[PDB]
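Notes for the one structure printed next.
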Amino acid sequence: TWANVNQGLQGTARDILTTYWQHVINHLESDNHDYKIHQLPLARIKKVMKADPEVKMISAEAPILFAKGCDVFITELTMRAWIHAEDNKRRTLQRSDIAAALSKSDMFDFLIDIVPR
Amino acid sequence: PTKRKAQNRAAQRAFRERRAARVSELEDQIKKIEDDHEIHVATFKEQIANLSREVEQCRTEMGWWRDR
Amino acid sequence: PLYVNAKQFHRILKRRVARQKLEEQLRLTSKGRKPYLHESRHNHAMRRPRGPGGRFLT
Amino acid sequence: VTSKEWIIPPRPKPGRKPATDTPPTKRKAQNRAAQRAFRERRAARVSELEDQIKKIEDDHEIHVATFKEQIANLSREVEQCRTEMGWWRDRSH
Amino acid sequence: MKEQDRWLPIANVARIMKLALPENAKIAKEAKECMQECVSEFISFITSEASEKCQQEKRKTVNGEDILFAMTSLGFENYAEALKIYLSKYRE
DNA sequence: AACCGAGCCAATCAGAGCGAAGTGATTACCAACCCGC
DNA sequence: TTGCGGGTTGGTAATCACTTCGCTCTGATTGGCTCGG
Ligand SMILES: [Cl-]
Ligand code: NA
Ligand code: NA
């Protein structure tokens, strides 16, 4: 249920991720959400979905969920990847740093076609 | 006007025809699922009888090596 | 071992089918990205009044 | 990682606002009551049919599980009796 | 349908990455383009699992509940139980 | 020593949003007819 | 032949939603230089 948080993550790297998800959950339970203000534009999320010609009609909700879900996705991966860079003494987040983080958890096994071994 | 009022009918007619189609479908889905399983239950009863006879033969043989 | 996540595996293969089919319909020959998209912005990027270090300004 | 028990509220059901007013005739009132019932009774026999399906689906899963266990119990009894017999056989001579 | 419809805007994806990391950090143009491709697949991946399930019940509309189901189905329990709170505050 | 690259920058204009129209879905009403009592 | 109560119909009404096209204002695109790495 919450096993994906520190999956392939140990040391102080496990706490920082759990600390994030907790901050996420707390601000999802707390602050008044403006469902117009979004870091990722709703219109394009719908286009990415409607890029699959199997999908026809989409509820206004799904884009709004994906907008937040993607924000939290990008942020956790970037952080996971950022550890790999600091372990290898780098200030620049490389493609390999991301790749390296995707192999840590079996949750990212859908991206293997985007970034092969 | 008639362009929408009579369309509302065409879209309702569709509703009743879809609901009348699902009630019939799911009624026939019960006949299949209850028959398909009436087969499976009869298949296992065939195995139990054969497995039981197989036990009885092997128990009679081990009985033969002890029955003296 | 090399055994992947079973929950996704079934959907991962389904995507490979849809992902391949689309790439052909898009008429896209190259696998790599383009250097730019919009010519008006590219043309505005040359017209662009710059400084000595290549930074823009007005 | 902890969260509270959050429940998704159902999306607002579509259709025509149910008439707030009471009809001023008992003859059209009992009509309304009996017709309103008809719309629920019909809508219920298709709703209750998913329960009929999922009852069979679950009641048949339990009986299948009993057999698949019962044949494995009777399968191990054969595999037991074979080797046990094999011992008596060898120890006889 | 265009070609770059299958991706989200790179500058938007990049901006979320800048915020995730310290101010003194830098992010490879390759790494940004990788993230863009990733997050864009994350959408299409979850959508397809919600799309087929909807075609079984023979719906046309794909609703947020269908998304939250598809997430738990593809082992995104954490995401599903997080966005469950976002949808509940939305619907009221 | 040799190389590779991300920040830097702020104006263009392709799109993000917004609302309107359209159509579908869904629930509710009713007059009319039937049936049992 | 009265009266009472329930079922059924087709037709209308009402609310929610989903799309498409139009207008507006935004913020994503944009590359050449430096110093780092
Ligand atoms: Cl905080
Ligand atoms: Na935050
Ligand atoms: Na917030």
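We name chains A, B, ... following the order of the structure tokens; residues begin at 1 in each chain, and ligands are numbered from 1 as shown.
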- Task: Report as a ChimeraX atom specification the set of chain E residues whose atoms approach chain G to within 12 Å, with distances computed over only C-alpha atoms (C1' of nucleotides).
- Result: /E:8-15,26,60-63
- Message: Show me which residues are within 9 Å of ligand 2 counting only C-alpha atoms (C1' of nucleotides) and all ligand atoms, and format the list as JSON, numbers by chain.
- Response: {"A": [20, 23, 24, 27, 72]}
- Just the strand (DSSP E) stuff from chain A, please, per backbone DSSP, written as a list in words.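 Put together, the selection reads residues 57, 58, 92 and 93 of chain A.
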Would you save the residues from that selection as a short mmCIF file (atom, residue, chain, number, x, y, z; two decimals), in the first residue's frame, using C-alpha atoms?
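In the end it all went to again_17.cif:
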```cif
data_model
loop_
_atom_site.label_atom_id
_atom_site.label_comp_id
_atom_site.auth_asym_id
_atom_site.auth_seq_id
_atom_site.Cartn_x
_atom_site.Cartn_y
_atom_site.Cartn_z
CA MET A 57 -14.49 10.76 -24.02
CA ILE A 58 -12.50 11.92 -20.90
CA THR A 92 24.59 18.26 -13.02
CA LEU A 93 21.63 15.77 -13.21
#
```
- Task: Determine, counting only C-alpha atoms (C1' of nucleotides), which protein, DNA and RNA residues have an atom within 9 Å of an atom of residue 29 (chain E); residues of the same chain fewer than 2 positions away are not included. Present the result as a list in words.
- Result: residues 94 and 95 of chain A; 27, 31, 32, 33 and 34 of chain E; 6 of chain F
Save the residues we just selected, C-alpha atoms (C1' of nucleotides), as a compact mmCIF listing (two decimals), in the first residue's frame?
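Saved to result-v4.txt:
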```txt
# COMPACT_ATOMS: atom_id res chain seq x y z
CA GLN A 94 22.52 13.55 -16.25
CA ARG A 95 20.21 11.15 -18.22
CA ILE E 27 19.90 19.51 -15.14
CA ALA E 31 17.82 14.49 -18.58
CA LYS E 32 14.92 17.02 -19.10
CA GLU E 33 13.95 15.37 -22.47
CA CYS E 34 14.17 11.92 -20.70
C1' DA F 6 23.95 24.28 -18.82
```
- Message: Taking only C-alpha atoms (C1' of nucleotides) and all ligand atoms into account, which residues have an atom no farther than 7 Å from ligand 3? I'd like them as an NGL selection string.
- Response: :A and (27-28 or 31-33)
- Item | All alpha helix (DSSP H) residues (DSSP, backbone) inside chain A, as a VMD selection string | chain A and resid 13 to 29 42 to 49 61 to 87 95 to 102
- Item | Å distance separating CA of residue 55 (chain A) from CA of residue 25 (chain B), one decimal place |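 It comes out at 24.8 Å.
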- Any idea which chain F residues end up within 9 Å of chain C if we count only C-alpha atoms (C1' of nucleotides), as a ChimeraX atom specification please? /F:8-14
Could you turn the residues from that selection into a file that holds N, CA, C and O atoms (P, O5', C5', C4', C3', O3' and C1' of nucleotides), as a short mmCIF file (atom, residue, chain, number, x, y, z; two decimals), in the first residue's frame?
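Wrote it out as selection_10.cif, contents follow:
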```cif
data_model
loop_
_atom_site.label_atom_id
_atom_site.label_comp_id
_atom_site.auth_asym_id
_atom_site.auth_seq_id
_atom_site.Cartn_x
_atom_site.Cartn_y
_atom_site.Cartn_z
P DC F 8 20.57 30.73 -13.52
"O5'" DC F 8 20.85 32.13 -14.22
"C5'" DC F 8 20.17 32.52 -15.43
"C4'" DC F 8 21.08 33.36 -16.30
"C3'" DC F 8 20.35 34.39 -17.16
"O3'" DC F 8 20.39 35.65 -16.51
"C1'" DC F 8 21.93 33.13 -18.50
P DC F 9 19.20 36.12 -15.56
"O5'" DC F 9 18.55 37.31 -16.38
"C5'" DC F 9 17.59 37.04 -17.42
"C4'" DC F 9 18.12 37.46 -18.77
"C3'" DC F 9 17.05 37.74 -19.82
"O3'" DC F 9 16.66 39.12 -19.84
"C1'" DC F 9 18.68 36.25 -20.72
P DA F 10 15.90 39.77 -18.59
"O5'" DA F 10 15.23 41.06 -19.22
"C5'" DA F 10 13.84 41.07 -19.61
"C4'" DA F 10 13.72 40.80 -21.09
"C3'" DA F 10 12.28 40.82 -21.61
"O3'" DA F 10 12.21 41.46 -22.88
"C1'" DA F 10 13.25 38.71 -22.06
P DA F 11 10.89 42.24 -23.28
"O5'" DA F 11 11.05 42.40 -24.86
"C5'" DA F 11 9.89 42.45 -25.71
"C4'" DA F 11 10.07 41.51 -26.88
"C3'" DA F 11 8.78 41.20 -27.62
"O3'" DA F 11 9.01 41.07 -29.02
"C1'" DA F 11 9.67 39.19 -26.77
P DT F 12 8.33 42.10 -30.03
"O5'" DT F 12 7.84 41.15 -31.22
"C5'" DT F 12 6.83 40.15 -31.00
"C4'" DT F 12 7.39 38.78 -31.32
"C3'" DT F 12 6.42 37.83 -32.01
"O3'" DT F 12 7.13 37.06 -32.98
"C1'" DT F 12 7.10 36.89 -29.96
P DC F 13 6.41 36.59 -34.32
"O5'" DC F 13 5.78 35.19 -33.90
"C5'" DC F 13 4.38 34.96 -34.01
"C4'" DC F 13 3.97 33.81 -33.13
"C3'" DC F 13 2.52 33.36 -33.35
"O3'" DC F 13 2.40 31.95 -33.13
"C1'" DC F 13 2.78 34.05 -31.13
P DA F 14 2.63 30.92 -34.33
"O5'" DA F 14 3.35 29.70 -33.60
"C5'" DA F 14 2.74 28.39 -33.56
"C4'" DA F 14 2.53 27.94 -32.13
"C3'" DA F 14 1.33 27.01 -31.94
"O3'" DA F 14 1.61 25.99 -30.98
"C1'" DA F 14 1.03 28.95 -30.62
#
```
- Message: Please list as JSON, numbers by chain every residue within 9 Å of residue 1 (chain E), counting only C-alpha atoms (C1' of nucleotides) and excluding residues in the same chain fewer than 2 positions away.
- Response: {"A": [47, 51], "C": [26], "E": [3, 4, 5]}
Select from chain A every residue with an atom at most 12 Å from any atom of chain G, then for each give the shortest pair of atoms and their distance in Å to one decimal, using only C-alpha atoms (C1' of nucleotides), rows by chain and rising number, as JSON lines.
```
{"residue": "A:39", "atom": "CA", "partner": "G:27", "partner_atom": "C1'", "distance": 11.8}
{"residue": "A:40", "atom": "CA", "partner": "G:28", "partner_atom": "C1'", "distance": 11.7}
{"residue": "A:41", "atom": "CA", "partner": "G:27", "partner_atom": "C1'", "distance": 11.1}
{"residue": "A:56", "atom": "CA", "partner": "G:18", "partner_atom": "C1'", "distance": 10.0}
{"residue": "A:57", "atom": "CA", "partner": "G:18", "partner_atom": "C1'", "distance": 6.5}
{"residue": "A:58", "atom": "CA", "partner": "G:18", "partner_atom": "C1'", "distance": 7.6}
{"residue": "A:59", "atom": "CA", "partner": "G:18", "partner_atom": "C1'", "distance": 7.4}
{"residue": "A:60", "atom": "CA", "partner": "G:18", "partner_atom": "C1'", "distance": 9.0}
{"residue": "A:61", "atom": "CA", "partner": "G:17", "partner_atom": "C1'", "distance": 12.0}
{"residue": "A:89", "atom": "CA", "partner": "G:37", "partner_atom": "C1'", "distance": 10.7}
{"residue": "A:90", "atom": "CA", "partner": "G:37", "partner_atom": "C1'", "distance": 8.4}
{"residue": "A:91", "atom": "CA", "partner": "G:37", "partner_atom": "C1'", "distance": 8.6}
{"residue": "A:92", "atom": "CA", "partner": "G:37", "partner_atom": "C1'", "distance": 8.6}
```
Those residues you just picked out, can you put them in a file as a PDB file, in the first residue's frame with N, CA and C atoms?
```
ATOM      1  N   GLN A  39       0.978  23.243 -12.359  1.00  0.00           N
ATOM      2  CA  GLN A  39       2.372  23.304 -12.877  1.00  0.00           C
ATOM      3  C   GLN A  39       2.424  22.734 -14.298  1.00  0.00           C
ATOM      4  N   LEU A  40       1.601  21.717 -14.576  1.00  0.00           N
ATOM      5  CA  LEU A  40       1.446  21.091 -15.916  1.00  0.00           C
ATOM      6  C   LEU A  40       0.079  21.476 -16.477  1.00  0.00           C
ATOM      7  N   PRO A  41       0.002  21.949 -17.742  1.00  0.00           N
ATOM      8  CA  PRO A  41      -1.253  22.449 -18.302  1.00  0.00           C
ATOM      9  C   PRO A  41      -2.273  21.338 -18.591  1.00  0.00           C
ATOM     10  N   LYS A  56     -11.932   7.703 -26.038  1.00  0.00           N
ATOM     11  CA  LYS A  56     -12.879   8.571 -26.790  1.00  0.00           C
ATOM     12  C   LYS A  56     -13.216   9.809 -25.946  1.00  0.00           C
ATOM     13  N   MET A  57     -14.058   9.657 -24.916  1.00  0.00           N
ATOM     14  CA  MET A  57     -14.494  10.761 -24.017  1.00  0.00           C
ATOM     15  C   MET A  57     -13.742  10.656 -22.684  1.00  0.00           C
ATOM     16  N   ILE A  58     -13.281  11.799 -22.164  1.00  0.00           N
ATOM     17  CA  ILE A  58     -12.496  11.921 -20.899  1.00  0.00           C
ATOM     18  C   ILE A  58     -13.215  12.920 -19.983  1.00  0.00           C
ATOM     19  N   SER A  59     -13.437  12.543 -18.720  1.00  0.00           N
ATOM     20  CA  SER A  59     -13.991  13.422 -17.657  1.00  0.00           C
ATOM     21  C   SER A  59     -12.985  14.527 -17.330  1.00  0.00           C
ATOM     22  N   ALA A  60     -13.479  15.708 -16.953  1.00  0.00           N
ATOM     23  CA  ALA A  60     -12.668  16.879 -16.544  1.00  0.00           C
ATOM     24  C   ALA A  60     -11.753  16.514 -15.367  1.00  0.00           C
ATOM     25  N   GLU A  61     -12.131  15.497 -14.583  1.00  0.00           N
ATOM     26  CA  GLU A  61     -11.438  15.056 -13.342  1.00  0.00           C
ATOM     27  C   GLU A  61     -10.049  14.490 -13.664  1.00  0.00           C
ATOM     28  N   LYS A  89      29.485  12.305  -7.059  1.00  0.00           N
ATOM     29  CA  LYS A  89      30.073  13.669  -6.931  1.00  0.00           C
ATOM     30  C   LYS A  89      29.807  14.476  -8.209  1.00  0.00           C
ATOM     31  N   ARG A  90      28.550  14.866  -8.441  1.00  0.00           N
ATOM     32  CA  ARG A  90      28.124  15.701  -9.598  1.00  0.00           C
ATOM     33  C   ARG A  90      27.074  16.718  -9.140  1.00  0.00           C
ATOM     34  N   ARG A  91      27.098  17.917  -9.727  1.00  0.00           N
ATOM     35  CA  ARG A  91      26.090  18.991  -9.509  1.00  0.00           C
ATOM     36  C   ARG A  91      25.085  18.998 -10.670  1.00  0.00           C
ATOM     37  N   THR A  92      25.413  18.333 -11.784  1.00  0.00           N
ATOM     38  CA  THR A  92      24.589  18.260 -13.022  1.00  0.00           C
ATOM     39  C   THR A  92      23.838  16.924 -13.047  1.00  0.00           C
TER      40      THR A  92
END
```
- Show which residues sit within 9 Å of region 1-13 of chain G, as an MDAnalysis selection string. Count only C-alpha atoms (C1' of nucleotides), and ignore same-chain residues fewer than 6 positions away. (chainID B and resid 5 8:9) or (chainID D and resid 16 30:31 34:35 38) or (chainID F and resid 28:30 32:35 37)
